[PDB]
Amino acid sequence: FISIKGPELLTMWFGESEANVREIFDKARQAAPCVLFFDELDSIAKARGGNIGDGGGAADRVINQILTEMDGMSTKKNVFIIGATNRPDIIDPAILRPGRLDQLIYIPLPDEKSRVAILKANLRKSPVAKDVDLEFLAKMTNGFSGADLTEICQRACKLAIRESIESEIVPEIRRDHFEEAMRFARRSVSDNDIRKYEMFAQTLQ
Amino acid sequence: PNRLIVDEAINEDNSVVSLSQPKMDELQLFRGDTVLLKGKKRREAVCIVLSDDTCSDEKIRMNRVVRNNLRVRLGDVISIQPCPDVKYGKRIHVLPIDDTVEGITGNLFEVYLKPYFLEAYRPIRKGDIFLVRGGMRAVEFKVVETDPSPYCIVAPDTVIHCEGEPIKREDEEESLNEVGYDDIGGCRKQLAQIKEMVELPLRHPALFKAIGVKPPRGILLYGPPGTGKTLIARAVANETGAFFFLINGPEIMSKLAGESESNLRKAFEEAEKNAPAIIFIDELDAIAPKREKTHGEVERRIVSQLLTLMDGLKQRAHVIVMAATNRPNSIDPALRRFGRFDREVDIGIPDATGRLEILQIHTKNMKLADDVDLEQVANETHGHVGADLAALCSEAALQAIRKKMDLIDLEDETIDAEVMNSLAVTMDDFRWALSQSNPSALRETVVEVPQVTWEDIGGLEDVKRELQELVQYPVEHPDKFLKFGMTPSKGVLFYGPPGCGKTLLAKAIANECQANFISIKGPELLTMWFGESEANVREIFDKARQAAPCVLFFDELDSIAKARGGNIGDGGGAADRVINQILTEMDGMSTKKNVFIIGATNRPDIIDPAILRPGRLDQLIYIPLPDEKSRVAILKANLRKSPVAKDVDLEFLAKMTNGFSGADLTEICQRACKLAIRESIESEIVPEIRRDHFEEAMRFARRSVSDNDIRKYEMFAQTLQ
Amino acid sequence: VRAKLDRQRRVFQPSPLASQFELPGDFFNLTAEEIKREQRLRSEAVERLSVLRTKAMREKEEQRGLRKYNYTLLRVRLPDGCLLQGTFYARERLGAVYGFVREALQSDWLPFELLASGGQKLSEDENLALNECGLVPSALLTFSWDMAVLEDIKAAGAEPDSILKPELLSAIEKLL
Amino acid sequence: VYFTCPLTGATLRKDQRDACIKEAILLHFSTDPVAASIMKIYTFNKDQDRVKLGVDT
Ligand SMILES: Nc1ncnc2c1ncn2[C@@H]1O[C@H](COP(=O)(O)OP(=O)(O)O)[C@@H](O)[C@H]1O
Ligand SMILES: Nc1ncnc2c1ncn2[C@@H]1O[C@H](COP(=O)(O)OP(=O)(O)O)[C@@H](O)[C@H]1O
């Protein structure tokens, strides 16, 4: 797995060193079988102002080198390229043409049964009391993302740790710590953004 | 029993040693009793025993004068044998050592020996060497005759005699003018770090002889020129007794091909022949500059010879090689690979305390006038290094010499001791020299422990506690963090209105931790952005590690976002070259490096959100405008340094200044101070700040944070809580 | 009602034989056991300077050292080679030491001075406590007659060969 | 450390001080009960601020 994160795509863009894209794809050819993941493909568009920016198009030096290398890569090398973006409305549409990332998958906010699964997975690292009703929490966190459920898990953990330390101046996270965490935790994706994401996915059918 | 390990002394007096009180209790001796110390080569010394709160139970603290008389060095062992039978002396004959009395003549008794022993009751033994300072000269004397033997206590009734030629020093005895640890002022920690790295492989090499793991072979000292890099290397060699072999770039580089390599490898051969030995290579960046910067045969060939000689140290047992450079990145990277020069120490720039210590060292021989205050000098000499403080003391001495020598009119081959004894250096001569001196380290970043303490910050009682907990809890309860799978945070972001104490909070926690404070301001982040030199961010984080324990404070995180518009906006977004490198470096910092990273912004809505992702500034503290009781505390803190009349009602001011920040309350205080000064000057051509001065100040002082700006911060604070 | 602290005034005579001792050469050879404690303290000293710790943690280290002593045993070295010793509370005033010495002197009316172990003069008129003077939990004081009377003693040819009363000297003990 | 008992003249150590003086005060009741109880009020009670308030009342 080759992890190319936003800051790496931004570093090449900012310094006008898009030639380094060839070395990234060379790693994929030599590391095969491999999965080449380009995270935050819109990081440059956002670094260009995102919602407004300049008057130019979505194409830039880094993505153009990526598109070139993809066209020169055969499926016979056992290399599969995955992208991710949270702002598809500003991504260079060339990446979705045949021969590139032609497949599109929409990943919605998790539903009730998935949010419970996320809370249970995130809490595998800490002792949690049996009084904690994770299904009740999932029912309330209807608009929360998986990243937001993690903050709830960590916030309740922080409270349990603080109380344990103070008791010597406790053995597990109690329901009160999760209910208190719910007083500060917020969804990172607003209702306006949820509708925008759903309407975009609907437009693509 | 009754055998202790020799350590360094704090007391500057040459006739005393310090023991830990429980050992004085076991020996049934009291503070002030005279004891004998048994050293090496069937020698002994007599001294007075005291005690302090810092000596280890199993150590004896004695200075260089006492250690040399016993022919012992730090880490050796001596025996203590009380000698209460010592009697008062009747006549002692003392003569100077020729090596230190040259070019000077006069009545040495009146200048040196008389005030030295005057009501001091120092123990004296035949054959002892002791040091007396004065007249800008360090003169040491040998005792050649004592009426009682072999030792006695000097008394006011003891005859002190001194007739005869100066004595030639024995070749087995070292001069007291040689550099040692007592000649080093600031950077005490770096010296302690070197002690651990150097004493072990040279004193206890057998730990590595049998085991398959080789010791560190090289130590690279770096920092601005004139900070003592060479001084430390020499002092360590002298204190441990190793042979010191001096190498420097220019000496090798000035030679032709063949001659340069011959001299370099000859030094290594001599270091082995005379082992234990320390090889000090100065200006390492001159002998071994970056390869991509040079194409000459000598510049590359001498590096190959050095690399082979360093690797050959596996056979050259008991030899360590030290080197000095200006920066760790100015030398051929091959030298810094495991083995060779794998360990390095940042000497840095002395702070206000270190500068005072350095001045006190250089003035040891100087007769300072009563008006001289070296602490005032140390506070003014910002940006100076030890090389500049040495020049400062010399210039102050020369100014005093000219002023009095023009009146003395002594033209001869020698100088009278009496006229030097009466030559005092006044504060005007130091102030004059300060105006003529120019710091050599004014461009380099100065990192020191800040002077801001918790008493200087009004309000924010809960933030003060939170910052303390973030420091003690990760080490007072590591089992509770591990039990719950929680990683302690290593940084915090402060946000809110300007002028509320964001910087003071970072300094105050550094102060109370006694940690170094590294201040990065907007202009520095902007300089790296504008100049496309974001690579320098790595140097900032590397400084934080070397300065640990330290607080790494990144102020004005929004400086670049605002430079790109902030309220309007150009063609860019939130990310930039500098913040991207900062985020990358943060991910490499471990919680065990004793570095606490603090950020601050006045516009948290336009800072790259990545800074708050897990592993970065995970703690987030809001700093609101002070409330009524806090504003009173702020006014009292701001006025702490000035006289304030009893008619000044600080609560009344706080009640009115509802929208004022802490910085705005300072403007009121400073205006009232200026007005009090103006009135005093007018009356001379009143001694305390009166309510009239504060009421007039209120006519101009205004709140800098509007109601709309307060809501802007509330919206962000409620979003992330 | 509180028991009066008994000064237990004594005069001692040192025995020159206590200072006669010879060490074999191997007595100065540092052992591996001592090297382990010395090397441990070297690493601990660097670790102390290295740690980021708040003042509350620093207090716990200081507090370990601080609170032991509430008494003192003082000794005075006299010009005649005798040692005068007595016991005091740590908060006792310097004036009690003068009185203690005056009661032991052959001539209690003859002006004298007591100097501390560092050469600092202790003035009889300065009502400071022994724990404030640096004379706790033990100290040796230096006795000397006032210079005014020393000039008359020397000018008359009188050797001051007895400092203390024969009443105490008849009970002089050797140091053991 | 040695101490003299002002009521008996006995030589005491640091640990024997209160034991001998308290005994001498309790024995003194056979000669002068008022003087013995006065010594007991000031001597036995470690809290002198309460003794001053008790005596004044
Ligand atoms: N930290 C320090 N403490 C005391 N003296 C110092 C210190 N740093 C420099 N000095 C003084 O400044 C001078 C430094 O010159 P030198 O010995 O050539 O070393 P370097 O040039 O490597 O600093 C010496 O006179 C030294 O005593
Ligand atoms: N909470 C406070 N307590 C006392 N003084 C304050 C406080 N906040 C601000 N000040 C005053 O404002 C001045 C600037 O504070 P500073 O921390 O530099 O602000 P900033 O962090 O916004 O740069 C200080 O000199 C101080 O006197």
# chains A, B, ... in the order shown; residues from 1 in each chain; ligands from 1

$ interface_residues --of "chain C" --to "chain B" --cutoff "9 Å" --atoms "only C-alpha atoms" --output "PDB file with C-alpha atoms, in the first residue's frame"
ATOM      1  CA  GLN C  13      43.053  18.310  74.725  1.00  0.00           C
ATOM      2  CA  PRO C  14      43.736  16.817  71.236  1.00  0.00           C
ATOM      3  CA  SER C  15      46.226  13.927  71.125  1.00  0.00           C
ATOM      4  CA  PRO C  16      48.834  14.258  68.297  1.00  0.00           C
ATOM      5  CA  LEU C  17      48.710  10.405  67.954  1.00  0.00           C
ATOM      6  CA  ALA C  18      45.219  10.607  66.328  1.00  0.00           C
ATOM      7  CA  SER C  19      46.829  12.132  63.157  1.00  0.00           C
ATOM      8  CA  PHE C  21      48.093   6.840  60.112  1.00  0.00           C
ATOM      9  CA  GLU C  22      49.641   5.394  56.930  1.00  0.00           C
ATOM     10  CA  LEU C  23      47.599   4.075  53.969  1.00  0.00           C
ATOM     11  CA  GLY C  25      48.892   2.184  47.921  1.00  0.00           C
ATOM     12  CA  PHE C  27      43.566   2.033  49.292  1.00  0.00           C
ATOM     13  CA  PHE C  28      43.273   4.701  46.535  1.00  0.00           C
ATOM     14  CA  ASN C  29      42.277   2.248  43.741  1.00  0.00           C
ATOM     15  CA  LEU C  30      38.636   2.909  42.768  1.00  0.00           C
ATOM     16  CA  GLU C  34      32.150   2.467  43.412  1.00  0.00           C
ATOM     17  CA  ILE C  35      32.311   2.943  39.581  1.00  0.00           C
ATOM     18  CA  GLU C  38      29.575   7.029  40.208  1.00  0.00           C
ATOM     19  CA  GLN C  39      28.394   6.163  36.664  1.00  0.00           C
ATOM     20  CA  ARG C  42      26.564  10.772  36.117  1.00  0.00           C
ATOM     21  CA  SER C  43      23.524   9.479  34.123  1.00  0.00           C
ATOM     22  CA  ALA C  45      22.561  14.194  36.832  1.00  0.00           C
ATOM     23  CA  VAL C  46      21.981  14.435  33.021  1.00  0.00           C
ATOM     24  CA  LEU C  49      18.714  18.497  33.806  1.00  0.00           C
ATOM     25  CA  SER C  50      16.863  16.822  30.870  1.00  0.00           C
ATOM     26  CA  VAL C  51      13.339  16.371  32.355  1.00  0.00           C
ATOM     27  CA  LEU C  52      10.447  18.771  31.631  1.00  0.00           C
ATOM     28  CA  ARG C  53       8.989  18.893  35.184  1.00  0.00           C
ATOM     29  CA  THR C  54       6.782  21.483  36.917  1.00  0.00           C
ATOM     30  CA  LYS C  55       7.848  23.065  40.254  1.00  0.00           C
ATOM     31  CA  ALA C  56       5.429  20.799  42.217  1.00  0.00           C
ATOM     32  CA  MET C  57       7.571  17.756  41.200  1.00  0.00           C
ATOM     33  CA  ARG C  58      10.792  19.723  41.938  1.00  0.00           C
ATOM     34  CA  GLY C  65      16.808  16.867  51.826  1.00  0.00           C
ATOM     35  CA  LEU C  66      15.413  19.524  54.201  1.00  0.00           C
ATOM     36  CA  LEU C  73      26.972  21.311  69.649  1.00  0.00           C
ATOM     37  CA  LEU C  74      29.502  24.170  69.577  1.00  0.00           C
ATOM     38  CA  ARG C  75      33.272  24.060  70.147  1.00  0.00           C
ATOM     39  CA  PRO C  79      44.826  30.529  71.794  1.00  0.00           C
ATOM     40  CA  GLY C  81      45.567  25.037  72.347  1.00  0.00           C
ATOM     41  CA  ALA C 116      32.794  31.969  62.775  1.00  0.00           C
ATOM     42  CA  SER C 117      34.365  29.074  60.689  1.00  0.00           C
ATOM     43  CA  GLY C 118      34.413  31.272  57.482  1.00  0.00           C
ATOM     44  CA  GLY C 119      36.118  34.271  59.226  1.00  0.00           C
ATOM     45  CA  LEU C 135      26.347  27.370  63.590  1.00  0.00           C
ATOM     46  CA  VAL C 136      23.846  24.398  63.373  1.00  0.00           C
ATOM     47  CA  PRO C 137      23.965  21.404  64.001  1.00  0.00           C
ATOM     48  CA  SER C 138      27.666  21.894  64.906  1.00  0.00           C
ATOM     49  CA  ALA C 139      30.448  24.481  64.529  1.00  0.00           C
ATOM     50  CA  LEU C 140      33.968  25.438  65.653  1.00  0.00           C
ATOM     51  CA  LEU C 141      34.376  29.080  66.735  1.00  0.00           C
ATOM     52  CA  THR C 142      37.736  30.922  66.932  1.00  0.00           C
ATOM     53  CA  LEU C 175      39.777  13.576  72.425  1.00  0.00           C
TER      54      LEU C 175
END

$ residues_near_ligand --ligand "ligand 1" --cutoff "6 Å" --atoms "only C-alpha atoms and all ligand atoms" --output "PyMOL selection string"
chain B and resi 183-186+225-231+358+386-387+390

$ interface_residues --of "chain D" --to "chain C" --cutoff "7 Å" --atoms "only C-alpha atoms" --output "list in words"
residues 2, 3, 4, 5, 6, 17, 39 and 43 of chain D

$ write_last_selection --atoms "N, CA and C atoms" --output "PDB file, in the first residue's frame"
ATOM      1  N   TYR D   2      21.552  16.706  77.623  1.00  0.00           N
ATOM      2  CA  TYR D   2      21.246  16.655  79.043  1.00  0.00           C
ATOM      3  C   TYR D   2      20.504  17.911  79.492  1.00  0.00           C
ATOM      4  N   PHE D   3      19.630  17.749  80.477  1.00  0.00           N
ATOM      5  CA  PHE D   3      18.777  18.809  80.985  1.00  0.00           C
ATOM      6  C   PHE D   3      18.644  18.679  82.498  1.00  0.00           C
ATOM      7  N   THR D   4      18.455  19.800  83.189  1.00  0.00           N
ATOM      8  CA  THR D   4      18.282  19.824  84.636  1.00  0.00           C
ATOM      9  C   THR D   4      16.831  20.134  84.973  1.00  0.00           C
ATOM     10  N   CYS D   5      16.230  19.325  85.843  1.00  0.00           N
ATOM     11  CA  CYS D   5      14.852  19.531  86.268  1.00  0.00           C
ATOM     12  C   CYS D   5      14.810  20.646  87.331  1.00  0.00           C
ATOM     13  N   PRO D   6      14.180  21.803  87.065  1.00  0.00           N
ATOM     14  CA  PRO D   6      14.210  22.931  88.000  1.00  0.00           C
ATOM     15  C   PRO D   6      13.465  22.651  89.319  1.00  0.00           C
ATOM     16  N   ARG D  17      12.549  14.452  80.133  1.00  0.00           N
ATOM     17  CA  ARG D  17      12.158  15.787  80.587  1.00  0.00           C
ATOM     18  C   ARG D  17      10.751  15.947  81.164  1.00  0.00           C
ATOM     19  N   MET D  39       1.254  24.982  88.358  1.00  0.00           N
ATOM     20  CA  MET D  39       2.308  24.393  87.533  1.00  0.00           C
ATOM     21  C   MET D  39       1.737  23.392  86.530  1.00  0.00           C
ATOM     22  N   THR D  43       2.281  23.651  82.605  1.00  0.00           N
ATOM     23  CA  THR D  43       3.302  22.665  82.207  1.00  0.00           C
ATOM     24  C   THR D  43       2.749  21.497  81.404  1.00  0.00           C
TER      25      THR D  43
END

$ residues_near_ligand --ligand "ligand 2" --cutoff "10 Å" --atoms "only C-alpha atoms and all ligand atoms" --output "NGL selection string"
:B and (452 or 454-461 or 494-507 or 521 or 555-556 or 600-602 or 623-626 or 630-639 or 661-667 or 669-670)

$ select_by_dssp --residues "region 315-466 of chain B" --states "strand (DSSP E)" --output "JSON, numbers by chain"
{"B": [319, 320, 321, 322, 323, 324, 325, 343, 344, 345, 346, 415, 416]}

$ residues_around --residues "residue 150 (chain A)" --least-positions-apart "2" --cutoff "9 Å" --atoms "only C-alpha atoms" --output "NGL selection string"
:A and (118-119 or 122-123 or 145-148 or 152-155)

$ atom_distance --atom1 "CA of residue 265 (chain B)" --atom2 "CA of residue 306 (chain B)"
7.9 Å

$ interface_residues --of "chain B" --to "chain A" --cutoff "9 Å" --atoms "only C-alpha atoms" --output "PyMOL selection string"
chain B and resi 473+477+480-481+483-486+532+569-577+580-581+583-584+718-721

$ write_last_selection --atoms "C-alpha atoms" --output "JSON list (two decimals), in the first residue's frame"
[["chain", "number", "residue", "atom", "x", "y", "z"],
["B", 473, "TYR", "CA", 0.28, 13.89, 34.86],
["B", 477, "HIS", "CA", 0.31, 8.37, 36.32],
["B", 480, "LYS", "CA", -3.53, 5.11, 33.98],
["B", 481, "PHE", "CA", -2.78, 6.42, 30.48],
["B", 483, "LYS", "CA", -4.52, 1.23, 31.07],
["B", 484, "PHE", "CA", -7.04, 3.23, 29.02],
["B", 485, "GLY", "CA", -5.02, 3.23, 25.80],
["B", 486, "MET", "CA", -4.54, 7.01, 25.83],
["B", 532, "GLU", "CA", 10.88, 29.90, -0.30],
["B", 569, "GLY", "CA", -8.24, 36.36, -0.13],
["B", 570, "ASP", "CA", -5.92, 35.81, -3.10],
["B", 571, "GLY", "CA", -5.49, 32.71, -5.23],
["B", 572, "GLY", "CA", -4.39, 30.49, -2.34],
["B", 573, "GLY", "CA", -6.12, 28.61, 0.44],
["B", 574, "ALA", "CA", -5.31, 27.61, 4.00],
["B", 575, "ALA", "CA", -2.26, 25.44, 3.30],
["B", 576, "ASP", "CA", 1.19, 26.83, 2.53],
["B", 577, "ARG", "CA", 4.80, 25.69, 2.31],
["B", 580, "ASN", "CA", 3.12, 21.95, 5.71],
["B", 581, "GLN", "CA", 6.72, 21.50, 6.86],
["B", 583, "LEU", "CA", 3.08, 19.68, 10.45],
["B", 584, "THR", "CA", 5.50, 17.13, 8.99],
["B", 718, "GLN", "CA", -18.68, 26.74, 20.65],
["B", 719, "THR", "CA", -18.00, 24.85, 17.40],
["B", 720, "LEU", "CA", -15.06, 22.91, 18.88],
["B", 721, "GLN", "CA", -15.86, 23.50, 22.59]]

$ residues_around --residues "residue 618 (chain B)" --least-positions-apart "5" --cutoff "10 Å" --atoms "only C-alpha atoms" --output "PyMOL selection string"
chain B and resi 488-493+611-613

$ atom_distance --atom1 "CA of residue 14 (chain B)" --atom2 "CA of residue 45 (chain B)"
11.5 Å

$ select_by_dssp --residues "region 41-170 of chain C" --states "helix (DSSP H, G or I)" --output "PyMOL selection string"
chain C and resi 41-50+55-66+94-102+147-155+166-169

$ write_last_selection --atoms "C-alpha atoms" --output "PDB file, in the first residue's frame"
ATOM      1  CA  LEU C  41      25.006   9.464  39.391  1.00  0.00           C
ATOM      2  CA  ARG C  42      26.564  10.772  36.117  1.00  0.00           C
ATOM      3  CA  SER C  43      23.524   9.479  34.123  1.00  0.00           C
ATOM      4  CA  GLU C  44      21.028  10.656  36.818  1.00  0.00           C
ATOM      5  CA  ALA C  45      22.561  14.194  36.832  1.00  0.00           C
ATOM      6  CA  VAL C  46      21.981  14.435  33.021  1.00  0.00           C
ATOM      7  CA  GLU C  47      18.449  12.997  33.454  1.00  0.00           C
ATOM      8  CA  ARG C  48      17.677  15.677  36.154  1.00  0.00           C
ATOM      9  CA  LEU C  49      18.714  18.497  33.806  1.00  0.00           C
ATOM     10  CA  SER C  50      16.863  16.822  30.870  1.00  0.00           C
ATOM     11  CA  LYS C  55       7.848  23.065  40.254  1.00  0.00           C
ATOM     12  CA  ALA C  56       5.429  20.799  42.217  1.00  0.00           C
ATOM     13  CA  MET C  57       7.571  17.756  41.200  1.00  0.00           C
ATOM     14  CA  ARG C  58      10.792  19.723  41.938  1.00  0.00           C
ATOM     15  CA  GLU C  59       9.477  20.318  45.501  1.00  0.00           C
ATOM     16  CA  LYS C  60       9.324  16.532  46.156  1.00  0.00           C
ATOM     17  CA  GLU C  61      13.085  16.262  45.487  1.00  0.00           C
ATOM     18  CA  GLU C  62      14.007  19.304  47.637  1.00  0.00           C
ATOM     19  CA  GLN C  63      11.688  18.191  50.516  1.00  0.00           C
ATOM     20  CA  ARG C  64      13.646  14.938  50.833  1.00  0.00           C
ATOM     21  CA  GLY C  65      16.808  16.867  51.826  1.00  0.00           C
ATOM     22  CA  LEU C  66      15.413  19.524  54.201  1.00  0.00           C
ATOM     23  CA  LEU C  94      24.431  34.233  69.998  1.00  0.00           C
ATOM     24  CA  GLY C  95      24.477  36.055  73.410  1.00  0.00           C
ATOM     25  CA  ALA C  96      24.237  32.636  75.170  1.00  0.00           C
ATOM     26  CA  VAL C  97      27.563  31.568  73.520  1.00  0.00           C
ATOM     27  CA  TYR C  98      29.315  34.698  74.784  1.00  0.00           C
ATOM     28  CA  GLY C  99      27.947  34.061  78.296  1.00  0.00           C
ATOM     29  CA  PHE C 100      28.928  30.349  78.071  1.00  0.00           C
ATOM     30  CA  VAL C 101      32.537  31.334  77.189  1.00  0.00           C
ATOM     31  CA  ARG C 102      32.673  34.181  79.827  1.00  0.00           C
ATOM     32  CA  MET C 147      43.257  43.945  70.208  1.00  0.00           C
ATOM     33  CA  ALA C 148      43.194  46.711  72.875  1.00  0.00           C
ATOM     34  CA  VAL C 149      44.131  44.287  75.699  1.00  0.00           C
ATOM     35  CA  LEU C 150      46.494  42.240  73.495  1.00  0.00           C
ATOM     36  CA  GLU C 151      48.630  45.417  73.009  1.00  0.00           C
ATOM     37  CA  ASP C 152      48.825  45.886  76.824  1.00  0.00           C
ATOM     38  CA  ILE C 153      49.448  42.113  77.396  1.00  0.00           C
ATOM     39  CA  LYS C 154      52.336  42.072  74.855  1.00  0.00           C
ATOM     40  CA  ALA C 155      53.789  45.443  75.983  1.00  0.00           C
ATOM     41  CA  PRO C 166      41.577  26.118  86.705  1.00  0.00           C
ATOM     42  CA  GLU C 167      38.114  24.932  87.949  1.00  0.00           C
ATOM     43  CA  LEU C 168      37.383  23.478  84.472  1.00  0.00           C
ATOM     44  CA  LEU C 169      40.948  22.713  83.330  1.00  0.00           C
TER      45      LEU C 169
END

$ residues_around --residues "residue 205 (chain A)" --least-positions-apart "3" --cutoff "12 Å" --atoms "only C-alpha atoms" --output "ChimeraX atom specification"
/A:104-106,198-202

$ atom_distance --atom1 "CA of residue 344 (chain B)" --atom2 "CA of residue 332 (chain B)"
14.5 Å

$ residues_around --residues "residue 4 (chain A)" --least-positions-apart "5" --cutoff "12 Å" --atoms "only C-alpha atoms" --output "list in words"
residues 9, 10, 11, 12, 20, 21, 23, 24, 25, 27, 28, 35, 36, 37, 38, 39, 40, 41, 43, 66, 81, 82, 83 and 84 of chain A

$ write_last_selection --atoms "N, CA and C atoms" --output "compact mmCIF listing (two decimals), in the first residue's frame"
# COMPACT_ATOMS: atom_id res chain seq x y z
N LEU A 9 1.00 15.83 -2.09
CA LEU A 9 0.52 16.44 -3.32
C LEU A 9 0.68 17.95 -3.26
N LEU A 10 0.49 18.54 -2.08
CA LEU A 10 0.67 19.98 -1.94
C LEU A 10 2.14 20.37 -2.05
N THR A 11 3.03 19.57 -1.46
CA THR A 11 4.46 19.87 -1.55
C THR A 11 4.91 19.93 -3.00
N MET A 12 4.50 18.95 -3.80
CA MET A 12 4.85 18.98 -5.22
C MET A 12 4.24 20.18 -5.93
N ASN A 20 8.29 14.67 -9.49
CA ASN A 20 8.34 13.62 -8.47
C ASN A 20 7.17 12.66 -8.58
N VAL A 21 6.12 13.02 -9.33
CA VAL A 21 5.00 12.10 -9.52
C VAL A 21 5.47 10.84 -10.21
N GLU A 23 8.26 9.32 -9.89
CA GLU A 23 8.90 8.44 -8.92
C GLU A 23 7.86 7.73 -8.07
N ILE A 24 6.74 8.40 -7.79
CA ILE A 24 5.67 7.77 -7.03
C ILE A 24 5.09 6.60 -7.81
N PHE A 25 4.83 6.82 -9.10
CA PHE A 25 4.27 5.75 -9.90
C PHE A 25 5.29 4.65 -10.14
N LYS A 27 7.32 3.65 -7.92
CA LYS A 27 7.21 2.80 -6.75
C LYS A 27 6.08 1.79 -6.94
N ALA A 28 4.98 2.22 -7.55
CA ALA A 28 3.84 1.32 -7.73
C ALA A 28 4.18 0.21 -8.72
N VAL A 35 -1.42 -1.30 -4.12
CA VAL A 35 -2.52 -0.36 -4.27
C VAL A 35 -1.97 1.04 -4.04
N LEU A 36 -2.12 1.90 -5.04
CA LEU A 36 -1.57 3.25 -5.00
C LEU A 36 -2.71 4.21 -4.67
N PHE A 37 -2.68 4.78 -3.47
CA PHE A 37 -3.76 5.59 -2.94
C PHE A 37 -3.33 7.05 -2.93
N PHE A 38 -4.10 7.89 -3.63
CA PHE A 38 -3.88 9.34 -3.63
C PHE A 38 -4.98 9.98 -2.79
N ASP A 39 -4.63 10.36 -1.56
CA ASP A 39 -5.60 10.94 -0.66
C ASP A 39 -5.76 12.43 -0.95
N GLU A 40 -6.91 12.97 -0.54
CA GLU A 40 -7.20 14.39 -0.68
C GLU A 40 -6.78 14.89 -2.06
N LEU A 41 -7.36 14.28 -3.09
CA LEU A 41 -7.05 14.70 -4.46
C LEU A 41 -7.43 16.16 -4.69
N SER A 43 -6.85 18.52 -2.46
CA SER A 43 -6.04 19.36 -1.57
C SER A 43 -5.46 20.56 -2.31
N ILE A 66 0.04 13.01 -12.85
CA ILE A 66 -0.63 11.80 -12.39
C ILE A 66 -1.44 11.19 -13.53
N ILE A 81 -5.19 1.72 -8.55
CA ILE A 81 -5.07 3.09 -8.05
C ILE A 81 -6.41 3.49 -7.46
N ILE A 82 -6.38 4.02 -6.23
CA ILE A 82 -7.57 4.47 -5.54
C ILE A 82 -7.39 5.94 -5.19
N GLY A 83 -8.43 6.73 -5.42
CA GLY A 83 -8.44 8.11 -4.98
C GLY A 83 -9.51 8.35 -3.94
N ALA A 84 -9.38 9.47 -3.22
CA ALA A 84 -10.41 9.90 -2.30
C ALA A 84 -10.50 11.42 -2.32
